Every structure is written in structure tokens, then in C-alpha cells.
There are 2 protein chains.
Amino acid sequence: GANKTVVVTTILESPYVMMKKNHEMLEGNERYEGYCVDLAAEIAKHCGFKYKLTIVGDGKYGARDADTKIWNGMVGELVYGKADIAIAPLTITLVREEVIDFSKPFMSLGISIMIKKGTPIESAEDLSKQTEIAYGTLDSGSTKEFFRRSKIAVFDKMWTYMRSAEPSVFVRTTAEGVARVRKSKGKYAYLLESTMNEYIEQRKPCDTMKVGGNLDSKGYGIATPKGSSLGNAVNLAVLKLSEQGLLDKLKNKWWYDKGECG
Amino acid sequence: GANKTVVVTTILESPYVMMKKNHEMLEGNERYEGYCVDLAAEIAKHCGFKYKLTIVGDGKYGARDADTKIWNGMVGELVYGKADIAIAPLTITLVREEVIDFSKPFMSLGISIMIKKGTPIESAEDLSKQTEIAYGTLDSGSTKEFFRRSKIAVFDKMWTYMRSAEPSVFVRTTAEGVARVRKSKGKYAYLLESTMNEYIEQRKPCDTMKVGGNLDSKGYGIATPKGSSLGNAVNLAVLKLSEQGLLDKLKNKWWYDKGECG
Ligand SMILES: Cc1cc2c(cc1S(=O)(=O)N1CCN(C)CC1)S(=O)(=O)N[C@@H](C1CCCC1)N2
Ligand SMILES: Cc1cc2c(cc1S(=O)(=O)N1CCN(C)CC1)S(=O)(=O)N[C@@H](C1CCCC1)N2
Ligand SMILES: N[C@@H](CCC(=O)O)C(=O)O
Ligand SMILES: N[C@@H](CCC(=O)O)C(=O)O
């Protein structure tokens with residue numbers, strides 16, 4: 001029927017979507033800025049739809065409760081019809097691909113290690129072979145699921161430690177994990193996606209850094225409810241933006257163009 | 001109806017698909033070895049189908065003739081029903097996505113520069129600002145289309161030069177481009193995907209090397225005819241293989257495990 005305003009679900013995660021300094025002075029979409037904000041505008045223009053940016057209610061990416069089988073986060077908002085599309089650093093995973101549609105990836109990444117500068121850790125193997133330095137991941141995300149499901153010796157060992165570590169090594173938001181790294185004097189290391197790791201390394205106080213190679217390789221995709229008529233155009237738009245070098249341009253804009261660590 | 005033997009189209013491109021040294025002593029699939037050969041076996045197992053590997057008749061990846069609008073290469077074999085699926089280093093592109101289906105990428109890459117060791121070239125900009133060193137790309141592939149369609153100053157300049165360069169700077173196969181780099185005493189540079197560039201750098205006589213950063217970022221996907229019932233299972237299989245670390249394991253097996261340059 002008649003075209004409707006597309007409800008976009010996203011998440012406050014720097015530098016993808018951030019509240020503008022003067023957000024209280026603004027309305028609707030103008031309140032936000034970031035890589036995914038710019039991306040949303042581009043996708044909307046190439047697909048010919050108008051939209052409304054909304055921040056996921058529970059502030060989560062998306063995981064299924066082992067008992068209720070209920071999905072939370074952005075994935076849940078799509079599954080239960082609360083949102084028409086998710087434009088955020090949402091990792092393409094098998095369990096998610098089965099319940100929602102994903103465009104081809106618009107950004108690539110891999111799980112990585114964030115340490116406070118000077119921390120005597122160079123790899124995941126280093127972390128797994130010691131206990132003085134605690135380490136964890138984000139909750140309700142793909143990184144935690146990666147360790148939970150891995151049969152790779154080193155990652156299995158890490159998961160075995162993290163799952164029963166006390167106090168908890170898991171955090172509710174990336175900002176929390178970063179804060180813990182910064183305020184733990186090198187006694188806490190954070191496992192997060194290289195993309196977020198790289199961004200933080202260029203932010204003051206410039207006291208963190210990515211160490212070692214990525215643990216895996218994957219990407220973020222724009223998600224729509226399974227079977228959504230929007231999926232097709234969105235996917236083609238992602239490819240066009242990729243081929244025009246627009247995606248690369250947006251990453252440089254939000255990651256390095258204005259890096260604060262030289 | 002009854003399950004049929006799936007006809008797989010692929011291409012002789014090292015180290016994706018190569019004729020085994022003793023291929024004349026073998027039959028069918030046993031004749032070949034390589035990253036895509038192993039990948040084909042994995043995909044087939046997880047999707048539950050048996051298959052027959054076939055080498056694309058014209059030895060091309062796939063491009064549409066501007067006049068006849070006829071597709072050649074592996075893309076054409078899928079479009080015209082000669083093959084049921086393509087398992088090869090086939091780049092996911094917009095023009096192709098429109099006529100065939102692509103699974104999520106199983107390997108990432110970007111266009112890069114291959115030089116004979118010692119060549120005074122460090123970047124695409126370097127190449128574009130000189131003429132003593134010729135440079136070109138593969139025919140009927142995504143790299144050539146990249147330069148033909150780019151509006152980015154440096155790449156536009158490069159394309160303008162390549163399209164009218166004499167003698168021709170374009171080659172029919174990757175092996176030809178590499179041979180030209182090796183036998184041109186540094187007077188020819190080859191633009192090819194980082195994946196193939198990296199493989200060659202680890203092959204004797206160890207006289208080539210990748211220089212500069214990738215010009216773009218994309219990936220290879222397994223392709224099926226548009227609407228094919230195989231697409232779904234194949235995509236899920238790619239994700240599972242990605243998550244199990246199998247894809248990373250296969251790349252190491254064919255790229256570095258037995259590198260010949262230390
Ligand atoms: C710019 C870009 C385009 C792109 C991807 C990543 C990226 S990136 O921003 O993550 N790029 C990665 C490499 N890095 C050196 C620069 C940034 S991707 O591999 O996740 N998806 C691909 C599209 C194009 C065909 C495959 C899907 N494009
Ligand atoms: C192992 C692997 C998995 C994978 C990709 C590339 C690769 S890779 O072999 O190209 N990998 C790239 C990074 N390099 C350091 C190691 C090899 S990808 O980005 O092209 N596609 C992704 C899947 C997983 C979700 C997105 C599609 N997985
Ligand atoms: N991008 C991840 C969240 C970050 C993480 O898990 O490290 C996801 O989609 O779940
Ligand atoms: N992978 C490319 C071929 C190699 C190249 O163009 O450099 C394609 O699918 O066309």
C-alpha cells in the first residue's frame with residue numbers, strides 16, 4: 001500500500017550512533033550523529049524511503065534466552081515487529097541469519113584485545129595462560145557467543161575462565177568495558193570487535209591499544225525482518241555505497257579524520 | 001523432485017582450484033585440489049548434495065558485453081543454466097548481484113598492486129603519476145570494472161591510461177599478469193586482488209610483492225542462479241564454516257602453511 005515511515009532501530013555505540021552535544025535542542029533524527037546515522041541517510045536515499053531513528057529499548061544487540069527462546073536487543077525488535085530495519089554495528093551470525101535478513105556486510109571486523117597501555121599481553125594465548133589480568137566481553141552480543149561456542153583450545157580455555165570468573169568479567173555496554181580497562185591499571189583486558197577497539201585507540205586520554213591479530217573475521221550487516229520487502233533494495237544500496245568508496249569514506253570520517261591521539 | 005548431482009562451475013586459479021600434478025591419473029573431482037575444492041566439499045556436506053566440479057568453458061570470471069548484453073564466464077554459466085552453482089573466487093558486485101544470488105562472503109579482499117621486487121612504486125598514486133612503468137588488470141573481471149567505473153581522481157587517471165595504453169596492459173589470466181610482472185624487469189605492475197597477490201608472494205621464485213594498501217574492500221561469495229533453492233542452505237553453510245574457523249584454516253592451508261618463500 002502507501003509508503004510508511006520506516007522505523008529504524010539502532011544503538012548508542014560510538015562512533016556509530018552518538019547523541020549530539022546539543023541533542024536537547026533537537027528533534028527526531030537530528031538528535032543523533034555518527035557512522036550509522038550517515039549510513040542510514042544514504043540507504044534511505046537510495047531505497048527511496050523516509051525513516052525514524054529509534055534507540056533500542058533495552059540497549060542490547062541481540063541474543064536469544066536459552067529458556068524462553070525470546071530474543072532481546074535490536075534483533076528482538078525486528079523479530080517482534082517493533083522495528084522495520086536495524087542499521088547499526090550488528091554482526092552477521094548464523095543464529096541471527098536464521099530469524100532475520102542481513103544485507104551483505106557494510107563493514108568488516110574481527111574480535112580483538114584491548115589493553116591499557118603497558119599491559120604485558122600480546123595475544124589471546126597470553127591471556128589464557130595467566131590469571132593476574134582479568135578479561136571479559138560484552139553481554140548479549142556476538143563476541144560472548146563466539147567464546148561460548150568455540151571448540152578451539154585457546155578460546156575454550158578463555159571461555160571456561162570467563163564464565164566462572166569472580167567478580168564478573170562481563171559488561172553491559174562497550175563504554176563500561178573501556179572504562180574498566182582504563183581504571184583497572186592494566187589488571188583488566190577487554191575482548192571487543194576491532195572496529196570499536198580501533199576507534200577507542202584514537203580517543204583521549206589515548207591510554208588504550210589493540211594488541212595481537214583478530215581472533216576471527218566477519219562483518220556487520222543491515223538487518224530487516226525475515227522476508228521484508230526492504231531487504232533487496234537495502235542490499236543493493238550497500239553494494240553501491242561500497243563500490244563508490246562511500247563506506248570507506250564514512251569510516252575514515254568517524255574513526256581517523258578527527259582522531260585525538262595524533 | 002529427486003535430488004540431482006549439482007553442477008559446480010569454477011575456474012583454474014591458484015590456489016583456489018588447481019590441476020593435481022597427477023590429474024591424468026584421476027577422474028572427476030579427484031582431478032582438482034585447492035581452497036575452493038576443499039570449500040566445495042564442505043559446502044556440499046553441510047547442504048547434503050553431491051556435485052560435479054567443472055571448469056568454466058571460456059576461462060572467465062564474468063562480464064556483460066555492452067552491446068549483446070550477454071554474460072560470459074562463470075556468471076554466464078549460471079545465468080544461462082549451464083551450472084547450478086559457482087564456487088570460486090568470484091567477487092560480489094552490484095551488476096552481478098542483480099542477475100545471480102550471492103551467499104555472504106567467504107573471503108575478504110581488496111584490489112592491490114603487485115610489483116617485481118625493487119620496483120620504485122609504493123602506491124596507486126605513484127603509478128598514476130608516471131609512465132615508465134606500465135600497469136594493467138585482468139579482463140572480464142571485477143578489477144577492470146572497478147577502474148572503468150571509478151570517479152575517484154587517481155583511479156580515473158589510471159583507467160584513462162590503461163584503456164588506451166599500447167601495447168595492451170590487460171591480460172586474459174592472472175598467471176599471465178604475474179608472468180608479465182616477472183619478465184618485465186620492473187617495467188610492468190599488475191593490479192589484482194590482495195588474495196591472489198598474497199599467494200603469489202609466497203611462491204618461488206619469490207620475486208614479487210604486494211605494495212601499498214588495498215584500493216577497495218569487498219569479498220568473494222558462492223553464487224547460484226537467481227532464486228535457486230540452493231542459495232539458502234549454502235549461505236548458512238558459509239556462516240557455519242566461518243564461525244567454526246574452517247575458512248581461516250583453509251586459507252592458511254593454501255596460502256601460508258606451505259609458502260615457499262620462508
Ligand atoms: C569500506 C568497506 C567495504 C566493504 C566491507 C568493509 C569495508 S571497511 O570499512 O570495513 N574497510 C575494511 C578494510 N579497511 C582497511 C578499510 C575499511 S565488507 O567486506 O564488510 N563488505 C563489502 C561489500 C562489498 C562486497 C562484499 C560486501 N564492502
Ligand atoms: C576467514 C574469513 C571469514 C570471513 C570472511 C573473510 C575471511 S578471510 O579468510 O578472508 N580472513 C580475512 C582476515 N585475514 C586476516 C584472515 C583471513 S568475510 O568477511 O569475507 N565473510 C565473513 C562471513 C561471516 C559474517 C560475514 C560473512 N567471514
Ligand atoms: N557487534 C556485536 C556487539 C559487540 C560485541 O559483541 O563485541 C553484536 O552484533 O552482537
Ligand atoms: N575475483 C574477480 C577476478 C579477479 C580480478 O578481477 O582481479 C572477479 O570475480 O571478477
# chains A, B, ... in the order shown; residues from 1 in each chain; ligands from 1
$ interface_residues --of "chain A" --to "chain B" --cutoff "6 Å" --atoms "only C-alpha atoms" --output "MDAnalysis selection string"
chainID A and resid 94 104 239
$ residues_near_ligand --ligand "ligand 4" --cutoff "10 Å" --atoms "only C-alpha atoms and all ligand atoms" --output "PyMOL selection string"
chain B and resi 13+60-63+73-75+88-93+96+109-112+137-146+173-174+190-197+218-221
$ residues_around --residues "segment 199-210 of chain A" --least-positions-apart "4" --cutoff "7 Å" --atoms "only C-alpha atoms" --output "list in words"
residues 112, 113, 114, 115, 116, 117, 195, 255, 259, 260 and 261 of chain A
$ write_last_selection --atoms "N, CA, C and O atoms" --output "mmCIF file, in the first residue's frame"
data_model
loop_
_atom_site.group_PDB
_atom_site.id
_atom_site.type_symbol
_atom_site.label_atom_id
_atom_site.label_comp_id
_atom_site.auth_asym_id
_atom_site.auth_seq_id
_atom_site.Cartn_x
_atom_site.Cartn_y
_atom_site.Cartn_z
ATOM 1 N N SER A 112 38.945 -8.694 18.919
ATOM 2 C CA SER A 112 40.303 -8.282 19.230
ATOM 3 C C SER A 112 40.483 -8.010 20.717
ATOM 4 O O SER A 112 39.524 -8.036 21.481
ATOM 5 N N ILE A 113 41.721 -7.740 21.116
ATOM 6 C CA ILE A 113 42.035 -7.482 22.514
ATOM 7 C C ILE A 113 42.388 -6.024 22.782
ATOM 8 O O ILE A 113 43.236 -5.446 22.102
ATOM 9 N N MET A 114 41.727 -5.434 23.769
ATOM 10 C CA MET A 114 42.020 -4.061 24.163
ATOM 11 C C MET A 114 42.702 -4.090 25.527
ATOM 12 O O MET A 114 42.192 -4.704 26.466
ATOM 13 N N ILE A 115 43.851 -3.430 25.636
ATOM 14 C CA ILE A 115 44.566 -3.369 26.904
ATOM 15 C C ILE A 115 44.882 -1.923 27.244
ATOM 16 O O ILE A 115 44.825 -1.044 26.378
ATOM 17 N N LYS A 116 45.195 -1.677 28.509
ATOM 18 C CA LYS A 116 45.605 -0.346 28.911
ATOM 19 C C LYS A 116 47.067 -0.380 28.497
ATOM 20 O O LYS A 116 47.730 -1.408 28.649
ATOM 21 N N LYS A 117 47.572 0.720 27.954
ATOM 22 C CA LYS A 117 48.956 0.744 27.517
ATOM 23 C C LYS A 117 49.927 0.230 28.582
ATOM 24 O O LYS A 117 49.819 0.568 29.758
ATOM 25 N N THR A 195 36.823 -2.960 15.218
ATOM 26 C CA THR A 195 36.271 -1.666 14.831
ATOM 27 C C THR A 195 36.156 -0.726 16.029
ATOM 28 O O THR A 195 36.632 0.406 15.984
ATOM 29 N N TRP A 255 36.423 7.551 12.315
ATOM 30 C CA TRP A 255 37.496 6.858 13.018
ATOM 31 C C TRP A 255 38.820 7.607 13.086
ATOM 32 O O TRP A 255 39.419 7.750 14.161
ATOM 33 N N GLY A 259 40.775 11.842 14.697
ATOM 34 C CA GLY A 259 41.344 11.081 15.796
ATOM 35 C C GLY A 259 41.968 12.080 16.756
ATOM 36 O O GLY A 259 42.434 13.134 16.321
ATOM 37 N N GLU A 260 41.981 11.764 18.049
ATOM 38 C CA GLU A 260 42.527 12.677 19.055
ATOM 39 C C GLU A 260 43.872 12.251 19.624
ATOM 40 O O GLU A 260 44.342 12.830 20.605
ATOM 41 N N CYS A 261 44.494 11.250 19.019
ATOM 42 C CA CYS A 261 45.774 10.768 19.517
ATOM 43 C C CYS A 261 46.873 10.887 18.477
ATOM 44 O O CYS A 261 47.752 10.030 18.386
#
$ closest_residue --among "B:66, B:39, B:171, B:53" --to "ligand 2" --atoms "only C-alpha atoms and all ligand atoms"
B:39
$ select_by_dssp --residues "segment 1-248 of chain A" --states "alpha helix (DSSP H)" --output "MDAnalysis selection string"
chainID A and resid 35:47 73:79 94:97 124:128 142:149 153:164 174:183 194:201 231:243 246:248
$ atom_distance --atom1 "atom CA of residue 70 of chain A" --atom2 "atom CA of residue 233 of chain A"
28.8 Å
$ residues_around --residues "residue 123 of chain A" --least-positions-apart "4" --cutoff "8 Å" --atoms "only C-alpha atoms" --output "JSON, numbers by chain"
{"A": [113, 127, 211, 212, 213]}
$ atom_distance --atom1 "atom CA of residue 87 of chain A" --atom2 "atom CA of residue 253 of chain A"
17.7 Å
$ select_by_dssp --residues "segment 71-103 of chain B" --states "strand (DSSP E or B)" --output "MDAnalysis selection string"
chainID B and resid 71 85:86 91 100:102
$ closest_residue --among "A:14, A:252, A:9, A:164" --to "ligand 1" --atoms "only C-alpha atoms and all ligand atoms"
A:252
$ residues_around --residues "residue 5 of chain B" --least-positions-apart "4" --cutoff "7 Å" --atoms "only C-alpha atoms" --output "list in words"
residues 50, 51 and 52 of chain B
$ residues_around --residues "residue 167 of chain A" --least-positions-apart "4" --cutoff "12 Å" --atoms "only C-alpha atoms" --output "JSON, numbers by chain"
{"A": [134, 135, 136, 161, 162, 163, 171, 188]}
$ atom_distance --atom1 "atom CA of residue 16 of chain B" --atom2 "atom CA of residue 158 of chain B"
28.6 Å
$ residues_around --residues "residue 227 of chain A" --least-positions-apart "6" --cutoff "12 Å" --atoms "only C-alpha atoms" --output "PyMOL selection string"
chain A and resi 78-79+84-85+97-102
$ closest_residue --among "A:148, A:19, A:80, A:230" --to "residue 160 of chain A" --atoms "only C-alpha atoms"
A:148
$ closest_residue --among "A:153, A:6, A:43, A:86" --to "ligand 3" --atoms "only C-alpha atoms and all ligand atoms"
A:86
$ decode --residues "segment 105-124 of chain A" --atoms "C-alpha atoms" --output "PDB file, in the first residue's frame"
ATOM      1  CA  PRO A 105      28.324  -6.688   5.093  1.00  0.00           C
ATOM      2  CA  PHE A 106      28.976  -2.933   5.053  1.00  0.00           C
ATOM      3  CA  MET A 107      31.984  -3.133   7.378  1.00  0.00           C
ATOM      4  CA  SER A 108      34.388  -5.939   8.238  1.00  0.00           C
ATOM      5  CA  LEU A 109      35.909  -6.768  11.609  1.00  0.00           C
ATOM      6  CA  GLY A 110      37.149  -9.409  13.993  1.00  0.00           C
ATOM      7  CA  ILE A 111      37.255  -9.955  17.733  1.00  0.00           C
ATOM      8  CA  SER A 112      40.303  -8.282  19.230  1.00  0.00           C
ATOM      9  CA  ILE A 113      42.035  -7.482  22.514  1.00  0.00           C
ATOM     10  CA  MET A 114      42.020  -4.061  24.163  1.00  0.00           C
ATOM     11  CA  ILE A 115      44.566  -3.369  26.904  1.00  0.00           C
ATOM     12  CA  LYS A 116      45.605  -0.346  28.911  1.00  0.00           C
ATOM     13  CA  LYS A 117      48.956   0.744  27.517  1.00  0.00           C
ATOM     14  CA  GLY A 118      51.844  -1.157  29.074  1.00  0.00           C
ATOM     15  CA  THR A 119      49.856  -4.293  29.876  1.00  0.00           C
ATOM     16  CA  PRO A 120      52.141  -7.331  29.367  1.00  0.00           C
ATOM     17  CA  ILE A 121      49.718  -9.061  26.980  1.00  0.00           C
ATOM     18  CA  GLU A 122      50.269  -9.597  23.255  1.00  0.00           C
ATOM     19  CA  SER A 123      47.756 -12.302  22.365  1.00  0.00           C
ATOM     20  CA  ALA A 124      44.718 -14.354  23.302  1.00  0.00           C
TER      21      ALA A 124
END
